[PDB]
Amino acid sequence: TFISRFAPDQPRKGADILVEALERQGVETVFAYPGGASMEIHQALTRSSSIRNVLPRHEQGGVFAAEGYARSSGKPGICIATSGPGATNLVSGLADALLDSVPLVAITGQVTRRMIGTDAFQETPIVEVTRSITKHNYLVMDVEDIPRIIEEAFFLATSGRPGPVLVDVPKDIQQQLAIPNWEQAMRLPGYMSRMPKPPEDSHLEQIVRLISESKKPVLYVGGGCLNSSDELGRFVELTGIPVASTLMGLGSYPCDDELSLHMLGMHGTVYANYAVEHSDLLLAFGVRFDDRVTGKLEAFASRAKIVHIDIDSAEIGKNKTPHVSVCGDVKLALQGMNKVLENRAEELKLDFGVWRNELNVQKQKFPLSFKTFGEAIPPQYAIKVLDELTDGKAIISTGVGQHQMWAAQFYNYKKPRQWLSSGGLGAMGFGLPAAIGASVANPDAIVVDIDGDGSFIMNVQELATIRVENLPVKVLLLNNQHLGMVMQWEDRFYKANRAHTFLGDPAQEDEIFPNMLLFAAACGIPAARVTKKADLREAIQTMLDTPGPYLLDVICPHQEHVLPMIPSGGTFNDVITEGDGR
């Protein structure tokens, strides 16, 4: 039973109704940067005893923190910004949350209703701007609509295929007094009628039928399974089907497991892509057949009967056409199939040991590998050490590029929501703010941002946030002085012709530039650099053991390449397994 801070017959500002609407949704933390058009909302926030604000240093930091909070917890992330430049600074995070299906509620102040459309001070038509990069959005045109719109926004952000919802609030509405009605019905008839039903036995029985008729089945699991860890693990017990995972799926099934093929796709393992190439049954659970995974679609799982279970009917049959499909929550489908697989266990007698052995041979002939050169630190190796000293139990966020691939390849995620990474939009500068949100949501966890030097500098101002919020964020900075992934493509496809990929100072080209230790020092954050592989284990242990935030600058030879690699639009037969920038 909720207790308002206001008498139920007492008028209060729209801003106060908006904050109480958040309290009534269970919101505990928001990421809010104030300005003129949201001041009223900030004033109302100080009157709340149950909502904490984490002040970022840039609204892009605020929205990426909100995403970290959501991805690391399964709760919606809440960001708040002023009008105009506040709102436009959210845009990369909105697009990012929409592409990765992350639940987010973004609230923007706006000029007054009578000023809308007049090229007013700090006016942006943010509802127009963000229509194509949000799941839904709203312009509040009457203070009495605030309760319903906030309720609809959380409902839409968190139900179905999750995503971002933006709510735009004119300053005059924030100031208007009213008595809220907390019992209005949501006004979403179409969306609620198009919500998937629980899966039917008919369809689940057909999937189990297909499994029992198959000799080479592969599971293809993605971000849709992040709430299905238990059900999926049980399903693999009852079937012994080996598991390939997308970049968004990492940790749905444990990486340190004998049935795990690890990641498939452009930079997937040779054995994961082999499994899919030669499978005769493809169980695609919570995946969207993106071409970073599939390569050339006609060549992808070309001898497989394809089962697709997705909560979004628009995904089913979009790129690849399944033989069987379920439109619904993969968690319910797994539960239902598990009962069938348990009851008919002795009748079914499922054994894929011959397929599993065929894959385990590929696993032994073509494992993930890296070279050690003299005493230079291999980035791959630094991530393996971090895995060992954290016992695969850290929350890992990353930037985008080679280090992101290595954080996926060389750390064994044990649970979903340990891995926080921008996959569909691939936004640099995500890792540090995302780690801020993850640490706020999981204040007892080990939180490590595995970052690149180009990604890290983009939202470096959030080091200040980490300090004043006294968050124990660890930064494993893999520093190769380049835009590594663009550099790799220059090496393989442009004859190593460099086009603006070097991030250091060309006037002193053998100096580490910038000196990231001084960024940390500027914000009172302990830091160290490590250059020799022999010093790595101790350096990483110091970072872990030192209380509070810590930056470790890990210097890496820049000629490393992420392998394997299927070029864009290619087939398994195109996989590249050797080479680097030397």
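A residue's number is simply how far along the shown sequence it sits, counting from 1.
Q: Please compare 160-168 with 272-280 and name the stretch with the higher mean C-alpha B-factor in the deposited structure.
A: On average, C-alpha B-factors are higher across 272-280.
Q: I need to verify one thing: averaged over C-alpha atoms only, is the B-factor higher for 328-336 or for 345-353?
A: In the deposited entry, the stretch with the higher C-alpha B-factor mean is 345-353.
Q: Can you pull the Cα B-factors for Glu123, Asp451, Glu144, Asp96 from the entry and say which is highest?
A: Comparing C-alpha B-factors across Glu123, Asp451, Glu144, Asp96, the maximum falls on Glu144.
Q: So if I compare the CA B-factors in the entry for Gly35, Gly68, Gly62, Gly548, which one is the largest?
A: Comparing C-alpha B-factors across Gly35, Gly68, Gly62, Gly548, the top value belongs to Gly548.
Q: Looking at the C-alpha B-factor of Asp535, is it in the lowest, middle or highest third of its chain?
A: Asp535: CA B-factor falls in the highest third of its chain.
Q: Give the position of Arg113 by CA B-factor within its chain, expressed as the lowest, middle or highest third.
A: For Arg113, the deposited C-alpha B-factor lands in the lowest third.
Q: Sorting the chain's modelled residues by C-alpha B-factor, tell me whether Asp119 ends up in the lowest, middle or highest third.
A: It falls in the middle third of the chain.
Q: Comparing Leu204 with the other modelled residues of its chain, is its CA B-factor in the lowest, middle or highest third?
A: As the PDB entry reports it, the C-alpha B-factor of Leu204 lands in the highest third of its chain.
Q: Would you mind checking where the Cα B-factor of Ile51 ranks among the modelled residues of its chain, as the lowest, middle or highest third?
A: Its C-alpha B-factor, which the entry lists for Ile51, ranks in the middle third among residues of this chain.
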